[PDB]
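Have a look below at one chain only, the form deposited in one PDB entry, in structure tokens format.
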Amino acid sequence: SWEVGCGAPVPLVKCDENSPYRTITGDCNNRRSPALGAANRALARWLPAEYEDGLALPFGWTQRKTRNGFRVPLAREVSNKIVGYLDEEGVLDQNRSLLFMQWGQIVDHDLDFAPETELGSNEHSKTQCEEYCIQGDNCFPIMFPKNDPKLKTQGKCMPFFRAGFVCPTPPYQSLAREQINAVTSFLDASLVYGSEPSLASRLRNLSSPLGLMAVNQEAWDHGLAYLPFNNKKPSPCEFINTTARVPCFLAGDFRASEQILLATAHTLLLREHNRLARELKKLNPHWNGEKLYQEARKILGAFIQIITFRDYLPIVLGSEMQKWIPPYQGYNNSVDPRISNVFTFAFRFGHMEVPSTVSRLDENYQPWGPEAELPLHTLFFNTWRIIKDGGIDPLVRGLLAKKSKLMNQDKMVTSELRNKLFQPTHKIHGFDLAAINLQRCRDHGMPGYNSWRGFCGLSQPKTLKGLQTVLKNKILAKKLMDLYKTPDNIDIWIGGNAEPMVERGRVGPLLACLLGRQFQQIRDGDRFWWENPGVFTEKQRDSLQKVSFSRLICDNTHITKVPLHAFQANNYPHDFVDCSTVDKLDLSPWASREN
């Protein structure tokens, strides 16, 4: 115990220390310990991993081996019995726009990514797993329980591959298994710019010396830009409609095209960067290209952090916000800014907020066309609807005018995700996000629910009666007990999300604690936190608290009526105001004079 050694995946760089800009890999943020918070390093472990063989074999891997005496139940069985429901009526969040959910997915994607293992392009293991479901090495399939309707239709399992791990990737040995975070821990807009110098460069337009991001050349959205198309074939975006042949978008983060709405938001940010850059060029004619890139980049980062901490978190945590995130006192170099392995599962509460359908609205916020409301599942890796069916304006209005889904103990995840999820790799619209989340909890060797309740100083129920009290639900507590036999065994993903919500928030006591700590840490340990004295100027900071997502919309679409508070539920037209009634980000404080 104490390694500090093991680390084949660098890639290492030299630190400048007087550079006023963040590296792209996240390196050099912390001067004493320069790799803290960098992309491609192990996720942090707040608690010792809990694997079946104590090292890397996940629970449920070996049939004959129990966990605390009992067999862990199949991911899908838990999915079938606890997580799914049929009635979408009455399910929407009365005070959260659809944007509430989509911002979460953006933030989370800026902070973490544990990609799956490769070791296979020109591979049969990709197929010895999909076709016959043989568990082995990195294939760790999700078996269907008896009486599951996907048996008669899909096969005997859903292919699933274990997450990538530090040092090698290969067979391997030694210490406990640690998963990789392929992105930077700092809230630094890494999802727009990339986390590798390799990708960050491809993304840029180095033809023009104006510091812009490369835009699409085959198509436009009323003279406005779109993200470039990705080079790679086979592309999944052209697969869902072999006819329209539209590839996925190339963006800072690889998951950008996962669903039409996420792609949309990515477009807004790409656009704000370029707009920000042509404006800086206008007041500092003399600045060079990189100067424009970095400074534009720097602003957008500050923007993502403000919206997130000022607008978003307080309605996620509710009354529990001040208790985990006291006000900012300044940079603290003794804080571990690394994303913990558990945070990547607690932040998945967002999955219970995804509604079953997506809408496009017209200028008066009316159904745009005859097939205006689409089932969420026709939108996974759907790029052609944007390019070939209206642009993003119709979708952005839907973001502002529709509601998020409200987590609900009797109605957790929509069937659009629990039964019809499309994986970029396989061919069917038949995966189960819920089962995958659970299978991945085990892949990552996460401690049980009660381990996490103790961590947060919350009571730990040992009995049915005990758990009814904490969940405030007899039916749920029961279902759960029958499957897991002991609360010690409840997987944290479902454990945390089953708890009733906190006052004015959207997650419970356990999740609030986990989320709260993480964010406190990425703020306090981020040398480039926007409020950190010296990072920006007093006059610059003053201009930055006037940013709002509403404005972002005005400056980058042709939408003219927007809500003043985009995250709460807004009705058209009473709640919407004209874009000219809205605080603009004044860039005058970024002007630079010679003598």
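Shifts are known only where both forms have a C-alpha. What we label the rigid core is the largest C-alpha set whose atoms superpose within 1.5 Å from one form to the other. Start at 1 and count along the sequence shown; that's the residue number.
We do not show the form deposited in another entry, though everything after this point is about it.
A 2 Å or larger CA shift between the shown form and the other one, after fitting on the rigid core, occurs at just one of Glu123, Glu371, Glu363, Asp482, namely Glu123.
When two forms of a protein are overlaid on their rigid core, residues whose CA moves 2 Å or more are considered shifted, and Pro11 is one of them between the shown form and the other one.
The pair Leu203 and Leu12 separates in the other form: their C-alpha atoms are at least 3 Å more distant from each other than in the form depicted. Relative to what is shown, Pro11 and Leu203 are farther apart in the other form; their C-alpha atoms differ in spacing by at least 3 Å.
Comparing the conformations between the shown form and the other one, with the rigid core held fixed, yields the displaced runs 1-3, 5-8, 11-13, 119-123, each spanning 3+ consecutive residues whose C-alpha shift is 2 Å or more.
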